[PDB]
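The structure appears right after this line, and notes come after that.
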Amino acid sequence: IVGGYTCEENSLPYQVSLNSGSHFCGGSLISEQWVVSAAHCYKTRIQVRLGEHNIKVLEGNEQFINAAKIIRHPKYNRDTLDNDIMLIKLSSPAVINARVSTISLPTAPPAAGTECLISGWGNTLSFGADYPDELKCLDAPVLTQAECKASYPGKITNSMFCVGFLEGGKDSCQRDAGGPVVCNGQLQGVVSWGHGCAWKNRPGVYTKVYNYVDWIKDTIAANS
Amino acid sequence: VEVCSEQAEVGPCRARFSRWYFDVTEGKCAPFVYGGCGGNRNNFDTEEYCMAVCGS
């Protein structure tokens, strides 16, 4: 998160991180045994941590669970980043409480202009790198999917939409990918890609989760 | 066939993968942050695969 601010402890009980040695992506706890992330965060072997706030200063209340299945969207395309979404099934169901909890699936597509919360432990600078330890937050509006394809000509697909500021200075960054964007209390997108971090006229591109509530639901029933 | 002189590229996506690129000007491989998607072929999983393909 560039230009954002530090979240208060507990205020995102759904924000989850993916690990194999180090923190490489974020995630969203959507059901006791399921997490939603981006498909370019795929790794054969992932350990999902939950309830985290300071990544390198833990307290007793976090939860470490190894992924027991990692399913990427059948129509994921590595070059164009089409259908950049993926799910993770946790080997043990999460204990849901005041610091680990689920997020509702989106009941409608993201309205352009709507304010959303985007989070994750991603890089704080646009020039250079500074990966923070305390979870960061950013308040940003959905933008019209006409300015989104103006920013990135010929590279938007039916799965993507833009959030952020066209001026620049505020965005998600490397390590935020797969993390949540939550609008009016439900999960509207997964951070995916962007040319740079918070550059002028290049806002973050995110994955339209609403287009996947059917597939996400069949996948949980064919692996239960 | 000669990508070892290409820059280390993070790419458009936004993971943090630890990868390796061959640094042409110090004659060894070094690490860089890779988004997970896009980039160039001067990008390898281990410091050893990197040296085996472009070492001196």
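Values below: every heavy atom of this structure, side chains too, minus hydrogens, waters and symmetry copies. A, B, ... follow the sequence lines: proteins, then strands. Residue 1 opens every chain.
- Side-chain atoms of A:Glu32 and A:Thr102 include no donor-acceptor pair closer than 3.5 Å.
- The SG atoms of B:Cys54 and B:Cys29 do not lie less than 2.5 Å from each other.
- Of all heavy-atom pairs spanning A:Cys41 and B:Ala15, the tightest one is SG-CB, 4.5 Å.
- In plain terms, the two heavy atoms of A:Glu134 and A:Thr6 that are nearest each other are CB-CG2, 3.6 Å.
- There is a side-chain donor-acceptor pair under 3.5 Å between A:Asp139 and A:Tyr5.
- Shortest non-hydrogen contact noted between A:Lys208 and A:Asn158 is CD-O, 3.6 Å.
- In terms of heavy-atom proximity, A:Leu90 sits nearest to A:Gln33 at O-NE2, 2.8 Å.
- Counted by atom type alone, A:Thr124 and A:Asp130 present zero donor-acceptor pairs between their side chains at under 3.5 Å.
- Salt bridge A:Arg78/A:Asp84: absent, no basic N to carboxylate O contact under 4.0 Å.
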Discussion item. Pair A:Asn201, A:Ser151 - check side-chain hydrogen bond (donor to acceptor under 3.5 Å, both in side chains), show working.
Written reply: CA-CA 6 Å; A:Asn201 274 96; A:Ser151 296; 4.8 Å; no

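- Inter-residue side-chain proximity for A:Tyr152 and A:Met160 is flagged as unmet; no heavy-atom pair is nearer than 4.5 Å.
- If you check the side chains of A:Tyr206 and A:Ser172, you find a donor sitting under 3.5 Å from an acceptor.
- Minimum interatomic distance between A:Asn66 and A:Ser91 (heavy atoms only, all atoms of both residues): O-OG, 2.9 Å.
- In summary, A:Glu9 and A:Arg99 engage in a salt bridge, as defined by a charged side-chain N under 4.0 Å from a carboxylate O.
- Taking every heavy atom of both residues into account, A:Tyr131 and A:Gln174 meet most closely at CE2-O, 3.2 Å.
- Classification of the B:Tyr34-B:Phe32 ring pair by plane angle, with boundaries at 30° and 60°, yields tilted.
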